[PDB]
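I have placed the structure first, in the form of structure tokens, so that the comments after it can refer back to it.
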Amino acid sequence: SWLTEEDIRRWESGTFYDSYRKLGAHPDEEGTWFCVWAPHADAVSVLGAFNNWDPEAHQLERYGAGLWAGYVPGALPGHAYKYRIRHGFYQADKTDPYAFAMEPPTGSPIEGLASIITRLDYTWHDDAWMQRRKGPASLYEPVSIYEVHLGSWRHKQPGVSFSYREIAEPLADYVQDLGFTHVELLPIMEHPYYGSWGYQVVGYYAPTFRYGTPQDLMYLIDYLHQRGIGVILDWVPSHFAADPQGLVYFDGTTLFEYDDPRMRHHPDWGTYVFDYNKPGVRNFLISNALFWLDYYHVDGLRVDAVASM
Amino acid sequence: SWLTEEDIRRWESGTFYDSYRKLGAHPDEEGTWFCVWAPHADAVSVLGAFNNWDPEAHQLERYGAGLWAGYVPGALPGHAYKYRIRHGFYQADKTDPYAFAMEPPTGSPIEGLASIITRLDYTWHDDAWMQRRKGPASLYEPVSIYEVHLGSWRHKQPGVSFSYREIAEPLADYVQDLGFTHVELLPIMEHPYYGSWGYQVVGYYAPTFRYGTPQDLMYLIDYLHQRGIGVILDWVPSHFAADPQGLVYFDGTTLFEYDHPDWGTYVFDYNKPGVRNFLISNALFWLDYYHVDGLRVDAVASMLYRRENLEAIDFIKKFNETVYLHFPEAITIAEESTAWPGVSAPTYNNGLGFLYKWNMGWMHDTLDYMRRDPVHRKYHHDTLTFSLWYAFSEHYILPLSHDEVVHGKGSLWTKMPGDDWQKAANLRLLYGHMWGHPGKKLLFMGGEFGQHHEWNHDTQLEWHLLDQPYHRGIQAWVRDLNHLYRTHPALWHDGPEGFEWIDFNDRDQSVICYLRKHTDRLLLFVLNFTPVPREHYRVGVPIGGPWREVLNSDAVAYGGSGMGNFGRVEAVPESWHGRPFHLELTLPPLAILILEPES
Amino acid sequence: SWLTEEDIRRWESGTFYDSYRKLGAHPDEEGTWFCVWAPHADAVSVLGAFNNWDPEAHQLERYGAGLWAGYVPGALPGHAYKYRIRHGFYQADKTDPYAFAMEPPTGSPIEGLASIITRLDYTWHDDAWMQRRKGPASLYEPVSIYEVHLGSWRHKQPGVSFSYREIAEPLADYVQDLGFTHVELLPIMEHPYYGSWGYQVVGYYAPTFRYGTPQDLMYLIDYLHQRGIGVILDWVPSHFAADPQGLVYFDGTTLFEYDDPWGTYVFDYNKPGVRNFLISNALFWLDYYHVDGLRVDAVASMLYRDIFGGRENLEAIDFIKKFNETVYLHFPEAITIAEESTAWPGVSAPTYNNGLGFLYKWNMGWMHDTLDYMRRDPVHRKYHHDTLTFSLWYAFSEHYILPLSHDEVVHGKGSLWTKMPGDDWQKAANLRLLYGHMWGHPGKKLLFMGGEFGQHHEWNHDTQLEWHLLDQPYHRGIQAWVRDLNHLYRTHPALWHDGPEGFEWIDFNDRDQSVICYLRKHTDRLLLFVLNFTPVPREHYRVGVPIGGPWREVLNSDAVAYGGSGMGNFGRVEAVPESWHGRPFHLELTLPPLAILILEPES
């Protein structure tokens with residue numbers, strides 16, 4: 002089927018560090034595969050325009066390790082979707098944690114972000130950079146980082162930020178003029194509150210809609226590499242965003258958060274800390290680090306508030 | 002000699018349509034000339050600071066045709082002035098009917114409104130727009146009117162409106178992004194009671210003080226023109242305000258009054280040539296001194312009757342005849358709530374001579390149909406379909422005015438049935454059908470977000486709703502509809518030839534399919550008036566080949582479910598709806614699909 | 002039709018100032034529209050790779066008076082194209098006069114230049130600069146212009162110029178550090194001969210290929226604008242290059258040339281079509297390239313020609338007047354500059370006062386006088402004192418830009434440094450003084466590349482400037498002096514107003530010691546200029562002043578930071594309430610050798 006016996010084995014182990022290969026929404030020209038992890042759910046279904054948002058059209062099937070999978074014919078890229086999970090008496094609509102792009106259907110400044118079927122295909126031209134790129138050896142090389150918030154840096158018009166593409170040439174030109182080696186971008190992962198600056202993350206696998214599509218961001222990184230600039234991403238494994246449809250109480254129970262009531266209390270965040278005991282949480286988080294370095298050719302990851310961890 | 006002898010001869014004729022050149026107060030650097038019409042006066046005097054408000058200081062001299070005139074040295078612009086007319090035993094102070102500006106001395110319009118001597122000198126920069134205005138030629142061009150009350154539109158702070166100038170850039174900014182073609186302004190002529198919305202008029206020749214000076218208004222129109230937007234002014238020749246110092250009993254007797268049940272004794276006596284000068288000159292005054300592109304006459308039926330009033334009918338006919346003579350590219354629009362024929366027809370064919378008529382019949386049928394639940398719309402299908410029997414009787418403008426969103430009638434949003442999604446869906450569907458239906462488009466402010474509340478003039482529109490999804494989607498839908506309108510000429514021709522039925526007998530499923538045509542171009546409109554998606558719904562079409570989906574109301578960008586054909590629709594050569602080829606489509610819930618052949 | 006009946010009506014009227022919108026090659030998704038002006042042509046055809054160079058494949062159809070128009074499917078952006086015009090028995094291949102980009106097929110320009118189908122789409126980020134630019138208001142603002150030849154300025158590799166893009170960041174960094182307000186570019190329009198410097202123009206609507214694509218130049222101007230620098234383009238309406246291929250005898254007969262018998273390369277301003285193309289090109293550069301200014305050279309050659326017996330070419334004078342009127346109507350904040358070497362009155366005057374309508378005129382009289390004065394040796398400067406003082410008499414007849422340009426640093430006239438007399442220290446001192454008086458003298462400022470460090474060598478277009486000279490101290494000091502001059506210029510408004518208002522003489526009668534004192538004043542603010550034009554230091558030299566009290570030394574040419582002896586007045590001088598030079602107070606100062614002193618009352 003969608004999940005091989007090796008795939009369920011690694012997920013139970015906590016070793017599935019490429020899990021995006023199978024989790025989230027994976028488009029096929031005829032239809033899209035859906036795979037979501039919700040072990041304490043009695044029912045899970047995919048909802049979208051592709052089935053008149055009817056919950057009983059496509060109920061994913063329970064496989065092993067609490068993993069759910071299902072195929073939907075007619076689900077196509079750019080279609081919006083949502084998971085409908087039933088926990089006994091109660092049901093709730095939830096977003097995809099492995100969403101590869103999220104978008105407000107509304108267009109509104111304050112809006113729900115909806116997971117959208119996405120194709121991540123992109124042909125890279127940053128050959129020279131990655132073959133000569135140096136990580137740990139940079140200890141003996143000059144590293145000068147220009148830290149950036151993409152929306153705040155420059156405005157194309159009052160109150161309007163630059164696209165991933167539109168910023169590419171201006172930002173690369175500016176950084177070269179001042180001679181910085183890398184740019185550090187404040188978290189670009191999808192976040193509900195623009196005022197959070199990205200530290201409240203809902204879509205860890207999805208670049209934020211505000212600056213464009215995924216390919217726009219891949220292009221931005223590609224362009225910066227050809228210009229000889231490195232891209233360091235801010236990554237937030239310490240805590241996830243509090244949004245009701247998000248990672249909070251995913252299967253109707255604690256999943257990403259600590260099962261224990263007491264060791265949930267936390268001074269920095271609380272309730273919204275990742276339970277690193279769980280192999281599934283370890284899968285989700287460690288795969289995400291590799292996901293960005295792989296699919297987005299990122300040069301570095303910077304973790305904040307490690308003391309909180 | 003202040004007045005030409007031709008002027009007095011023209012005044013007696015009722016042919017003085019430039020009468021504002023001589024009547025009222027006209028400033029000179031040394032002093033102001035005063036001219037007022039008061040035939041049954043024994044004397045008329047000007048009172049002001051320039052003579053300690055003394056009635057014997059400056060007594061005008063009576064000229065021909067009850068025209069009084071006099072010169073006052075030291076009477077200056079911005080000064081308040083007043084006429085004292087003596088009718089035998091009694092004398093009274095009156096305002097200038099031809100006043101070009103008024104302001105409240107107390108500070109409150111309801112206490113005192115005072116005529117102020119004004120200079121109308123203004124240098125225009127709207128040269129380019131007026132060399133290209135259309136109007137009579139606009140019958141075959143898109144006319145999309147944004148109806149506006151300036152005080153109610155936007156506020157700088159609670160209870161404080163924008164100046165004429167301050168509004169210019171925001172309204173011009175908003176109207177352009179929307180794609181609207183004109184702004185129709187609820188009456189700007191000076192009025193005492195703000196709650197009147199301006200329909201009780203005291204100063205026909207004066208723009209209201211509330212928003213600034215007269216030039217401030219000319220700048221606003223000048224500005225909008227440069228931005229390519231037209232200005233329609235609501236005009237009230239039917240009745241004047243009941244203000245004792247106003248037009249009522251001006252010379253001590255009936256003068257502007259008849260020597267209507269709606270406004271008895273406030274009706275203009277269209278028999279008198281003096282009344283006819285005052286009214287028609289004022290119409291031209293706005294087209295001349297303020298470059299206004301169009302004038303809208305309300306409650307025309309109140310003039311036509313009392328059974329028909331021929332005084333008024335000849336007046337309306339001469340009004341329209343005069344306007345197009347002096348301004349060949351102006352536009353006059355009429356609202357007439359009876360089935361009076363030939364409102365939009367030329368006087369030479371026994372018409373009233375208007376260019377446009379509000380299709381109030383359509384509005385009633387349309388609103389009544391959509392007030393109904395989709396479950397029940399089955400039983401009222403004819404109310405929807407039959408609008409097209411009466412849709413070409415006149416040159417019409419489809420109308421959704423302020424009169425429909427007041428007095429407990431409910432906002433357009435409030436009128437639509439069901440939960441919020443269906444309410445938003447219904448309004449997006451309603452507008453789609455209105456944009457497809459033959460006739461120009463008029464939407465009153467706030468309808469573009471589908472605002473919850475009835476129009477409350479004492480406040481500013483609920484712009485905060487533009488943050489929420491459902492209302493922002495409707496604003497996007499209206500903008501996009503307006504884009505389709507201007508881009509495609511199939512909608513420009515509201516003639517019988519322009520419209521062809523595709524199917525009208527699906528009563529059970531409450532669907533309508535129709536075609537809107539000009540020559541090569543076709544636009545196909547398919548409407549699902551029930552919250553049920555329809556699949557394998559075939560619709561006959563004239564042409565075979567690839568068809569595109571130009572617009573879908575149910576797009577998620579508008580707040581829709583998102584069921585769609587999304588373009589790439591290929592015609593199948595199987596006869597449907599008595600047509601050679603058919604389209605097999607998905608009908609979204611409470612939505613409109615607009616499709617054209619691919620090119 | 003490609004051409005509206007209004008489009009033909011305005012071309013015949015000479016009112017088609019948008020003609021670039023319709024003439025030339027205009028790309029469409031499946032094909033390019035072609036439009037040519039050829040009134041005396043019997044046939045016109047478009048030839049290209051898109052038709053195997055077939056003359057009968059796409060013959061143009063006349064759409065109006067002298068205009069030919071036609072569409073070619075399959076001609077796409079980046080294709081090279083050609084016009085084949087038939088004059089009876091003879092036909093010839095021609096370039097597009099309205100070509101938006103040209104490229105040499107041989108690889109060398111001088112052997113051949115060909116038209117390229119081009120799309121001019123560009124996304125700009127200079128909105129903020131656009132609203133900011135003063136334009137006419139600039140007369141009351143500081144205008145410092147750095148004159149540049151893009152190919153000659155810096156080379157990435159020996160003999161290889163910088164691209165439009167490659168130059169952007171170095172030039173922008175360079176221009177800000179020295180404080181110039183605009184860059185004036187020698188004609189970038191496509192030209193066959195590099196040695197012409199661009200002044201023999203074949204492609205008026207095409208930026209030269211030598212530095213890249215059209216969008217590359219658009220990027221450069223955009224880049225400079227974001228950095229707050231304006232771009233003035235050199236424009237050549239006086240004459241056109243001699244190319245058998247381009248412009249000359251377009252129809253096989255005279256077209257841009259005069260029908261009546270740089271002679272024969274002069275534009276016929278009588279023809280409505282000629283003014284159309286010329287004034288549209290002016291608007292074209294301001295429209296599509298956001299150019300801030302246009303500078304017209306050799307204006308006198310236009311004004312004159314050598324019953325009527327009139328040397329003034331009245332055609333051209335109306336073209337110039339209608340040129341200037343049109344620019345400011347469509348671009349109220351543009352800047353137009355003219356160099357006219359005759360004493361034609363009111364070059365800088367508005368048309369409605371019978372002026373030529375330029376905003377600025379080059380003060381070439383000043384440049385000549387000043388330079389002639391400063392080549393003379395200080396021993397002899399006594400005897401030529403009037404040449405220095407007399408410049409002010411004519412300093413106010415026009416809104417003027419003091420100008421030092423390539424024209425004066427070529428053809429055996431010698432570098433500015435080379436021009437100055439004496440040994441190396443004195444040469445640096447003399448050049449520091451020249452710039453000092455030039456910035457103090459009323460009028461806007463223009464300086465050509467290499468003058469800012471005092472380059473030894475004459476400007477060579479085949480070479481890059483001697484930037485290695487920036488290692489020598491005197492050259493670095495001259496660059497710093499100019500930097501400091503522009504900073505004072507930008508900050509002290511007493512220098513912004515070049516009218517008779519802003520200038521007052523303090524003393525002009527010291528002929529033996531060759532010293533001049535003058536004042537620059539806007540409203541309350543005043544700046545004092547004392548100039549020692551002799552290498553002999555002056556001690557206890559008194560200079561009358563209007564205000565008493567402490568006076569500050571704002572700039573000293575002789576400061577060591579500039580490479581000078583370091584003689585000076587140590588910051589504060591106290592004014593003595595004793596009369597001098599008809600003034601209530603006076604400052605008793607020390608005048609350093611060959612140095613300019615700028616002094617301010619203390620605030």
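Protein chains in written order, with the authors' numbering: chain B, 2 to 310; chain D, 2 to 260, 267 to 313, 328 to 620; chain A, 2 to 262, 270 to 314, 324 to 620.
Yeah, the Cβ is synthetic: ideal placement off N, Cα and C, and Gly gets one too.
Can you give me the start and stop residues for the beta strand (DSSP E) that residue i sits inside?
| i | result |
| --- | --- |
| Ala333 (chain A) | Where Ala333 (chain A) is concerned, there is no enclosing beta strand (DSSP E), although the alpha helix (DSSP H) it sits in stretches over 331-347. |
| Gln92 (chain D) | 91-95 |
| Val232 (chain A) | 231-236 |
| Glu415 (chain D) | Premise fails: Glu415 (chain D) is in no beta strand (DSSP E) and is neither H nor E. |
| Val304 (chain D) | 301-304 |
For residue i, which residues of its own chain have a beta-carbon under 8 angstroms away from its beta-carbon, when the five flanking residues on both sides are left out?
| i | result |
| --- | --- |
| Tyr220 (chain B) | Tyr123, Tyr165, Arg166, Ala169 |
Starting from residue i, find everything on chain B with Cβ-Cβ shorter than 8 angstroms and list it in chain order.
| i | result |
| --- | --- |
| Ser582 (chain D) | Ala50, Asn53, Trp54 |
Strictly below 7 angstroms CB to CB, what residues from chain D border residue i?
| i | result |
| --- | --- |
| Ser109 (chain B) | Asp488, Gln489, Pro490, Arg493 |
In its own chain, which residues sit with a C-beta less than 7 angstroms from the C-beta of residue i, not counting the 5 before and 5 after it?
| i | result |
| --- | --- |
| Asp252 (chain B) | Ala39, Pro40, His41, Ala42, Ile86, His88 |
| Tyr99 (chain B) | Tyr21, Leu24, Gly25, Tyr206 |
| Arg134 (chain B) | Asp300 |
| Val282 (chain A) | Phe257, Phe275, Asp276 |
Which same chain residues, not among the five before or five after residue i, have their C-beta less than 6 angstroms away from its C-beta?
| i | result |
| --- | --- |
| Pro517 (chain A) | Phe413 |
| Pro208 (chain B) | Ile189, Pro215, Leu218 |
| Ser145 (chain B) | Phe181, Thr182 |
| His416 (chain A) | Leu140, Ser365, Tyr377 |
So with CB distances below 7 angstroms, who are the chain B contacts of residue i?
| i | result |
| --- | --- |
| residue 322 (chain A) | No coordinates are present for residue 322 (chain A), because the numbering of chain A runs from 314 directly to 324. |
For the alpha helix (DSSP H) holding residue i, just list the boundary residues, first then last.
| i | result |
| --- | --- |
| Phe285 (chain B) | 280-296 |
| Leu77 (chain B) | Counting along the chain, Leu77 (chain B) falls outside any alpha helix (DSSP H), and DSSP gives it neither H nor E. |
| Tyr220 (chain B) | 215-227 |
| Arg10 (chain B) | 6-14 |
Along chain A, in chain order, which residues have C-beta atoms closer than 9 angstroms to that of residue i?
| i | result |
| --- | --- |
| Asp178 (chain B) | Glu170, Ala173, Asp174 |
With respect to 8 angstroms, is the separation between the Cβ of residue i and the closest non-hydrogen atom of the ligand ADP below this value?
| i | result |
| --- | --- |
| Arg283 (chain D) | Ligands in the displayed structure: none, and consequently the ligand ADP is not present. |
Using a Cβ cut-off of 9 angstroms, pull out every chain D residue sitting near residue i, in sequence order please.
| i | result |
| --- | --- |
| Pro159 (chain B) | Per Cβ cutoff of 9 angstroms: no residues; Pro159 (chain B) is ~12 angstroms from chain D at best. |
Quick one: list the residues of chain D neighbouring residue i, beta-carbon separation under 8 angstroms, in chain order.
| i | result |
| --- | --- |
| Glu112 (chain B) | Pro490 |
Is any beta-carbon of chain D found at less than 9 angstroms from that of residue i?
| i | result |
| --- | --- |
| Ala102 (chain B) | no |
| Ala26 (chain B) | no |
Taking 9 angstroms as the threshold (beta carbon to beta carbon), is residue i in contact with chain B?
| i | result |
| --- | --- |
| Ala497 (chain D) | yes |
| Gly467 (chain D) | no |
Going along chain B in order, which residues have a C-beta closer than 9 angstroms to the C-beta of residue i?
| i | result |
| --- | --- |
| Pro554 (chain D) | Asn53 |
Runs of 4 residues minimum, wholly inside the stretch 99-158 of chain B: which ones carry the alpha helix (DSSP H) assignment? Whole alpha helix (DSSP H) segments, 4+ residues: 128-133, 151-154.
Which parts of the stretch 517-566 of chain A are runs of the beta strand (DSSP E), unbroken and 3 residues or longer, counting only runs that do not cross its ends? 520-527, 532-539, 542-549, 555-562
Suppose only complete runs of 3+ residues qualify. What are the beta strand (DSSP E) ranges in the stretch 18-53 of chain A, listed by chain order? Residue ranges of uninterrupted beta strand (DSSP E) with 3 or more members, entirely inside the stretch 18-53 of chain A and ordered along the chain, are 25-28, 32-38, 44-49.
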